[PDB]
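One structure is given here, and the rest of the page talks about it.
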Amino acid sequence: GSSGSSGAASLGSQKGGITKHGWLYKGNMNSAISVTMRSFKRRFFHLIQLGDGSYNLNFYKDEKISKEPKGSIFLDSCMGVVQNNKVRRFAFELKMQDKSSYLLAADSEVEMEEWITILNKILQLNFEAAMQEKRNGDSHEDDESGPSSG
């Protein structure tokens with residue numbers, strides 16, 4: 001043959017979940033400030049639930065998603081949301097686990113708190129989800145988007 005271990009399993013989810021969408025202000029983050037913001041750019045951050053139960057924050061150039069986003073944040077790794085303030089009045093840093101952190105910022109405190117609450121939610125929930133998934137096999141899922149072309 002080649003490889004493969006009788007397909008997979010333990011794939012599926014249950015109940016609804018969370019979500020959130022809006023234009024945020026992603027940054028580069030670094031020592032200095034001018035670098036931390038490196039020209040704070042605005043992008044449409046869309047939240048989507050992976051085909052398992054986890055949540056991934058994917059941001060696009062605009063609201064029109066569906067297509068390939070600019071990137072995706074593995075909240076599954078996200079450690080927690082911190083509060084910068086230095087950069088901007090309403091700016092929070094995402095403490096990732098893959099050695100790195102994103103500089104998010106909203107237009108208003110709310111838009112800044114909401115995310116801080118959303119991400120944190122999935123972040124904190126991600127912790128309880130692990131222990132929940134660990135002892136939870138029975139589950140059904142489905143994934144299939146853009147197989148291939150030319």
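Chain labels A, B, ... are given in the sequence in which chains occur in the structure tokens; within each chain residues are numbered consecutively from 1, and ligands are likewise numbered from 1 in the order shown.
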Task: DSSP-assigned strand (DSSP E) members of range 29-149 of chain A, reported as an MDAnalysis selection string - done: chainID A and resid 41:49 55:60 71:73 80:83 91:95 101:105
Task: 7 Å contact set for range 118-131 of chain A, only C-alpha atoms, chain neighbours under 3 positions out, as a ChimeraX atom specification - done: /A:55,75-76,78-81,114-115,134-135
TODO: Please give the complete set of residues from chain A that DSSP, run on the backbone, assigns to helix (DSSP H, G or I), formatted as a ChimeraX atom specification.
DONE: /A:33-37,109-134
Open item on the list: What's the separation between CA of residue 48 in chain A and CA of residue 12 in chain A, in Å to one decimal place?
Closed with: 14.9 Å
Contacts of residue 91 in chain A within 10 Å, only C-alpha atoms, excl. fewer than 3 positions in-chain, as a PDB file with N, CA and C atoms, in the first residue's frame:
```pdb
ATOM      1  N   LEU A  24     -11.359  44.525  12.587  1.00  0.00           N
ATOM      2  CA  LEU A  24     -10.415  44.718  13.675  1.00  0.00           C
ATOM      3  C   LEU A  24      -9.153  45.394  13.136  1.00  0.00           C
ATOM      4  N   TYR A  25      -8.194  45.585  14.031  1.00  0.00           N
ATOM      5  CA  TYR A  25      -6.939  46.216  13.661  1.00  0.00           C
ATOM      6  C   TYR A  25      -5.749  45.328  14.031  1.00  0.00           C
ATOM      7  N   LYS A  26      -5.355  44.494  13.080  1.00  0.00           N
ATOM      8  CA  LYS A  26      -4.237  43.591  13.293  1.00  0.00           C
ATOM      9  C   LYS A  26      -2.929  44.383  13.226  1.00  0.00           C
ATOM     10  N   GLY A  27      -1.943  43.899  13.968  1.00  0.00           N
ATOM     11  CA  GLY A  27      -0.645  44.548  14.002  1.00  0.00           C
ATOM     12  C   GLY A  27       0.482  43.534  13.797  1.00  0.00           C
ATOM     13  N   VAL A  82      -4.673  39.542  26.118  1.00  0.00           N
ATOM     14  CA  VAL A  82      -4.120  40.512  27.048  1.00  0.00           C
ATOM     15  C   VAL A  82      -4.601  41.913  26.662  1.00  0.00           C
ATOM     16  N   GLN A  83      -4.324  42.862  27.543  1.00  0.00           N
ATOM     17  CA  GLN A  83      -4.721  44.240  27.309  1.00  0.00           C
ATOM     18  C   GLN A  83      -3.486  45.127  27.141  1.00  0.00           C
ATOM     19  N   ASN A  84      -3.309  45.615  25.921  1.00  0.00           N
ATOM     20  CA  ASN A  84      -2.178  46.473  25.616  1.00  0.00           C
ATOM     21  C   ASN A  84      -2.431  47.868  26.190  1.00  0.00           C
ATOM     22  N   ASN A  85      -3.227  48.638  25.462  1.00  0.00           N
ATOM     23  CA  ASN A  85      -3.555  49.988  25.886  1.00  0.00           C
ATOM     24  C   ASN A  85      -2.480  50.953  25.381  1.00  0.00           C
ATOM     25  N   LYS A  86      -1.233  50.529  25.531  1.00  0.00           N
ATOM     26  CA  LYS A  86      -0.110  51.341  25.096  1.00  0.00           C
ATOM     27  C   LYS A  86      -0.320  51.756  23.637  1.00  0.00           C
ATOM     28  N   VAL A  87      -0.323  50.757  22.767  1.00  0.00           N
ATOM     29  CA  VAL A  87      -0.511  51.002  21.348  1.00  0.00           C
ATOM     30  C   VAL A  87      -1.719  51.920  21.149  1.00  0.00           C
ATOM     31  N   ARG A  88      -2.896  51.358  21.384  1.00  0.00           N
ATOM     32  CA  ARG A  88      -4.129  52.110  21.236  1.00  0.00           C
ATOM     33  C   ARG A  88      -4.971  52.006  22.510  1.00  0.00           C
ATOM     34  N   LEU A 103      -1.646  41.504  17.397  1.00  0.00           N
ATOM     35  CA  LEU A 103      -2.074  42.769  17.971  1.00  0.00           C
ATOM     36  C   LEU A 103      -3.437  43.153  17.393  1.00  0.00           C
ATOM     37  N   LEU A 104      -4.471  42.903  18.181  1.00  0.00           N
ATOM     38  CA  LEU A 104      -5.826  43.216  17.761  1.00  0.00           C
ATOM     39  C   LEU A 104      -6.259  44.540  18.391  1.00  0.00           C
ATOM     40  N   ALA A 105      -7.201  45.195  17.729  1.00  0.00           N
ATOM     41  CA  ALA A 105      -7.708  46.467  18.212  1.00  0.00           C
ATOM     42  C   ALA A 105      -9.056  46.760  17.548  1.00  0.00           C
ATOM     43  N   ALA A 106      -9.992  47.223  18.363  1.00  0.00           N
ATOM     44  CA  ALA A 106     -11.321  47.544  17.868  1.00  0.00           C
ATOM     45  C   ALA A 106     -11.469  49.063  17.767  1.00  0.00           C
ATOM     46  N   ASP A 107     -12.600  49.480  17.216  1.00  0.00           N
ATOM     47  CA  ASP A 107     -12.876  50.897  17.055  1.00  0.00           C
ATOM     48  C   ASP A 107     -13.376  51.469  18.383  1.00  0.00           C
ATOM     49  N   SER A 108     -14.135  50.649  19.095  1.00  0.00           N
ATOM     50  CA  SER A 108     -14.681  51.059  20.378  1.00  0.00           C
ATOM     51  C   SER A 108     -14.352  50.013  21.445  1.00  0.00           C
ATOM     52  N   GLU A 109     -14.438  50.443  22.695  1.00  0.00           N
ATOM     53  CA  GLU A 109     -14.153  49.557  23.811  1.00  0.00           C
ATOM     54  C   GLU A 109     -14.935  48.250  23.666  1.00  0.00           C
ATOM     55  N   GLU A 111     -16.352  46.773  20.972  1.00  0.00           N
ATOM     56  CA  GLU A 111     -15.779  45.978  19.900  1.00  0.00           C
ATOM     57  C   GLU A 111     -14.442  45.379  20.340  1.00  0.00           C
ATOM     58  N   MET A 112     -13.846  46.013  21.340  1.00  0.00           N
ATOM     59  CA  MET A 112     -12.569  45.556  21.861  1.00  0.00           C
ATOM     60  C   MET A 112     -12.770  44.544  22.990  1.00  0.00           C
ATOM     61  N   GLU A 113     -13.848  44.740  23.733  1.00  0.00           N
ATOM     62  CA  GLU A 113     -14.163  43.856  24.842  1.00  0.00           C
ATOM     63  C   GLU A 113     -14.838  42.582  24.329  1.00  0.00           C
ATOM     64  N   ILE A 116     -12.288  40.280  23.119  1.00  0.00           N
ATOM     65  CA  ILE A 116     -11.589  39.871  24.326  1.00  0.00           C
ATOM     66  C   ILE A 116     -12.426  38.823  25.064  1.00  0.00           C
TER      67      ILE A 116
END
```
Open item on the list: What's around residue 70 in chain A at 7 Å? Count only C-alpha atoms, leave out sequence neighbours fewer than 3 positions away in its own chain, and write the answer as a count of residues only.
Closed with: 3
Task: Best match for closeness to residue 100 in chain A among A:145, A:136, A:56, A:77, counting only C-alpha atoms - done: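 Counting only C-alpha atoms, the residue closest to residue 100 in chain A is A:77.
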Task: Contacts of residue 15 in chain A at 10 Å (only C-alpha atoms; same-chain gap of 2+ positions) as a PyMOL selection string - done: chain A and resi 13+17+53
Open item on the list: Neighbouring residues of residue 46 in chain A were defined as those with any atom within 10 Å, considering only C-alpha atoms; residues of the same chain fewer than 3 positions away were excluded. Please report them as a ChimeraX atom specification.
Closed with: /A:19-24,43,56-60,62-65,69,72
TODO: Rank A:31, A:36, A:2, A:49 by their smallest atom-to-atom distance to residue 16 in chain A, using only C-alpha atoms, and report the top residue only.
DONE: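 Answer, going by the shortest atom-to-atom distance: A:49.
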